[PDB]
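Chains Z and G are the protein sequences, given in the same order. The number in my numbering is simply the position in the first sequence, starting from 1, with 1048 added. The number in my numbering is simply the position in the second sequence, starting from 1, with 1 added. Here is the structure we will look at, set down as structure tokens.
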Amino acid sequence: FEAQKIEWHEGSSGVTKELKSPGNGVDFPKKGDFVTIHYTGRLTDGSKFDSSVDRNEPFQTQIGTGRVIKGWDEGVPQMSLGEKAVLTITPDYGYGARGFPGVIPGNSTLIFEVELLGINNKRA
Amino acid sequence: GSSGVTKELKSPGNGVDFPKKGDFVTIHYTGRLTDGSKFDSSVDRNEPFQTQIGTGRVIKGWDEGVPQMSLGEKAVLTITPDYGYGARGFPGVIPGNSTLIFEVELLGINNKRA
Ligand SMILES: CC[C@@H]1/C=C(\C)C[C@H](C)C[C@H](OC)[C@H]2O[C@@](O)(C(=O)C(=O)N3CCCC[C@H]3C(=O)O[C@H](/C(C)=C/[C@@H]3CC[C@@H](O)[C@H](OC)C3)[C@H](C)[C@@H](O)CC1=O)[C@H](C)C[C@@H]2OC
Ligand SMILES: CC[C@@H]1/C=C(\C)C[C@H](C)C[C@H](OC)[C@H]2O[C@@](O)(C(=O)C(=O)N3CCCC[C@H]3C(=O)O[C@H](/C(C)=C/[C@@H]3CC[C@@H](O)[C@H](OC)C3)[C@H](C)[C@@H](O)CC1=O)[C@H](C)C[C@@H]2OC
């Protein structure tokens, strides 16, 4: 099976994934998979609030199990290995009314540049 | 060596109402490191903290310690890192492998008040 999810939206509130550069179109994360991702997170005014690239530390998590914000748990499984995409996440799929203290204001839409570098032991 | 979660009573609650897993709790807290430095306090913001307890939304030491408090109780919760933030710590706030000392006041259980 092969596919490229060039645009994907789930919800208006919700999450949008826009493919920027294709992955291999074959390997997609499933629930419970461990993913390795490089990301940069920005607010809608363009200001950066975090970046794994800036600290040269790829981020790893189990996907689809509620360990990350909902926009990532829903959006990352729509990426294939090696894909670069942009995730736009409304507050309902992010940090909601409170935001994240010290980093993200309440009621913030989030824009993540994400690169899927790994799915379990598969590497881009 | 040894690790774990210890609760020391400072002022008793009503001794009758205890949070069950899945209950909402309303709590005032101050968190300190073992060197005495304060890293956070709901009291300083004068904003009670609310969470659902026993469902993994907070560190293990709170999920384990708070259900042993009765309504209105003031206690000190000491939490070794394996029941807190572990080797990772919390970025910008809690060093890796930190024991945590929380002053905890159980202000409410669901809609119950003292
Ligand atoms: C206990 C510490 C542990 C930290 C790490 C393992 C290091 C890791 C690199 C986080 C960053 O450390 C510099 C840093 O990254 C952010 O800047 C970010 O860019 C983001 O938003 N990320 C990050 C990338 C994925 C999407 C999104 C996210 O889901 O992060 C999760 C998160 C904060 C989830 C909350 C948990 C409570 C819950 O109520 C809430 O529900 C809405 C969701 C992180 C990975 C936690 O699972 C683990 C940690 O927190 C956010 C703002 C703060 C975060 O720092 C703490
Ligand atoms: C999505 C944002 C959301 C924030 C709030 C709702 C505001 C609330 C007032 C937190 C403070 O905001 C000023 C502030 O409080 C601390 O200072 C603290 O004093 C502590 O330690 N607390 C806090 C008191 C209970 C015990 C302990 C704790 O469990 O907090 C949880 C926590 C951080 C759990 C992580 C989640 C990822 C997971 O991987 C990790 O596993 C080890 C545990 C908080 C309440 C999350 O449920 C929700 C938020 O994070 C910690 C250091 C950081 C925290 O700020 C973000």
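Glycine is no exception: its CB is placed at the ideal position from the N, C-alpha and C atoms.
Check: Helix, strand or coil at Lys22 (chain G) [DSSP, three-state]; Outcome: coil
Check: Minimum C-alpha distance to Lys61 (chain G) - residue among G:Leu107, G:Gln53, G:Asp45 and G:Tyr84; Outcome: G:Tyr84
Check: Ligand 2 heavy atom lying under 7 angstroms from the CB of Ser12 (chain G); Outcome: no
Check: Heavy atom of ligand 1 within 7 angstroms of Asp64 (chain G) beta-carbon; Outcome: no
Check: Environment of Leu10 (chain G) [buried if 16+ CB atoms lie within 10 Å]; Outcome: exposed
Check: Classification of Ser99 (chain G) by the beta-carbon crowding that lies within 10 angstroms, buried from 16 upward; Outcome: buried
Check: Distance cut-off 7 angstroms: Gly1142 (chain Z) Cβ against heavy atoms of ligand 2; Outcome: no
Check: Segment contact, 8 angstroms Cβ cut-off, at least three pairs: the region 1142-1150 of chain Z with the region 1084-1091 of chain Z; Outcome: no
Check: For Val1063 (chain Z) and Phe1160 (chain Z), the rounded distance between their alpha carbons; Outcome: 11 angstroms
Check: Contacts around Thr1136 (chain Z), its chain only, beta-carbon distance under 6 angstroms, and the 5 residues preceding and following it disregarded; Outcome: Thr1064 and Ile1159
Check: Of the residues G:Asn111, G:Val17, G:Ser71 and G:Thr81, the one placed nearest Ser4 (chain G), counting alpha carbons only; Outcome: G:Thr81
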